[PDB]
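In structure tokens, the next block holds one chain alone, the form deposited in one PDB entry.
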């Protein structure tokens, strides 16, 4: 009836920019574990600019094979953030959340199989925590038909038909 979603709570107002999280996450995922560390291989990467007072831990999210047509850049409460500044994607546009040598995508898996997230453990100031709740998964084949009708309207029956055959 329902599933568990886990939420990384990030209190950027408590972050001191130490990057301890990058150290421990990369070290844990070395092979064998703790054999080396390398913050370029961390699944958490901290946006850090003391002169803008910005300290934003960012977690690696979903893989995308292509960049956006337009990249977003925010001003919020007087802070000018970076282009794509909050994005979690392993994206062809930058090196974040990609192996520094191969370029393959990295994804945070909440230190799956470990007793607790290592980045949360090593954040001695407590900027980070993970919590859970139950949510109701979906009910929907009507949606499929409405969606194909929509693509036929935007692109035409002959274009949609030849495309589905491939």
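Positions refer to the first chain, counted from 1. We call the rigid core whatever largest set of C-alpha positions still superposes within 1.5 Å between the two forms.
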Between residue 139 and residue 140, the number of deposited residues left without coordinates comes to 1 to 3
Mean Cα B-factor check, 45-53 vs 114-122, entry values; winner is 114-122
Of 64-72 and 128-136, the stretch with the higher mean C-alpha B-factor in the deposited entry is 128-136
Among 18, 10, 157, 24, highest Cα B-factor in the entry goes to 157
For residue 103, the third of its chain by CA B-factor is the middle
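The same protein has a further form, the form deposited in another entry, not shown here; the description that follows concerns it.
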Rigid core fitted, then: does residue 12 show a CA shift of 2 angstroms or greater between the shown form and the other one? no
